[PDB]
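**Student:** The structure's right below; bear with me while I get my questions together.
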Amino acid sequence: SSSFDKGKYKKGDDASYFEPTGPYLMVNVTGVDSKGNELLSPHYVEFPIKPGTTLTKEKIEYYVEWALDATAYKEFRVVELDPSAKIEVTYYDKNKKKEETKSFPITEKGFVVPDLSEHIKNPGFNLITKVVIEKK
């Protein structure tokens with residue numbers, strides 16, 4: 001209908017925390033009414049990371065839209081999408097760097113997905129955008 005048909009599945013690979021396990025790239029939305037009354041929870045679609053895609057507003061806007069549409073796409077139209085989209089990459093190296101939810105926003109024509117520094121195995125790139133959904 002609108003709010004998925006998997007529900008926080010992330011393909012099976014639920015690498016929450018506990019040591020450097022393995023990376024992921026989790027593509028959904030914080031789909032709210034307008035303010036923050038969550039119609040649908042994210043974390044149902046997830047792809048294994050392959051750096052190359054242009055990590056910018058252009059390919060964040062429609063990218064998350066295609067992910068949720070590849071689950072529902074029945075009652076979904078969108079009033080508006082927020083320009084200040086965000087990526088909450090969380091890197092769980094319990095050795096040196098440690099859990100840091102780096103909630104960087106976005107730029108129009110910034111940059112491609114960068115390399116994972118040195119002191120980390122498992123970045124948790126959370127491609128999650130707050131949007132104002134129209135449920136048709």
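Per the entry's author numbering, residue 1 is the first one in the sequence shown, and the count goes up by one each step.
Using N, Cα and C, we set each Cβ at its ideal position, and we do this for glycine too.
Under a three-way DSSP split, which group does residue 19 fall into?
**Tutor:** Of the three classes helix, strand and coil, the one that applies to residue 19 here is coil, per DSSP.
**Student:** Compute the Euclidean distance between the alpha carbons of residue 108 and residue 127, then round it to the nearest angstrom.
**Tutor:** Taking the straight line joining both Cα atoms gives about 15 Å.
**Student:** Can you give me the start and stop residues for the beta strand (DSSP E) that residue 96 sits inside?
**Tutor:** Taken as a continuous stretch (DSSP letters only), residue 96 belongs to no beta strand (DSSP E), as it is neither H nor E.
**Student:** Helix, strand or coil, according to DSSP, for residue 92 in the structure here?
**Tutor:** Correct three-state label for residue 92: coil.
**Student:** Taking the C-alpha atoms as reference points, what is the distance between residue 71 and residue 129?
**Tutor:** When rounded, the distance between both Cα atoms is 17 Å.
**Student:** With DSSP as the reference, identify every bridge partner of residue 47, one or two as the case may be.
**Tutor:** According to DSSP, residue 47 bridges with 25.
**Student:** Give the straight-line distance between the Cα atoms of residue 92 and residue 13, rounded to the nearest whole angstrom.
**Tutor:** Rounded to the nearest angstrom, the two C-alpha atoms are 15 Å apart.
**Student:** Can residue 81 be considered in contact with the ligand ZN, in the sense that its beta carbon sits closer than 8 Å to one or more heavy atoms?
**Tutor:** In the structure on display, the ligand ZN does not appear, and there are no ligands present to speak of.
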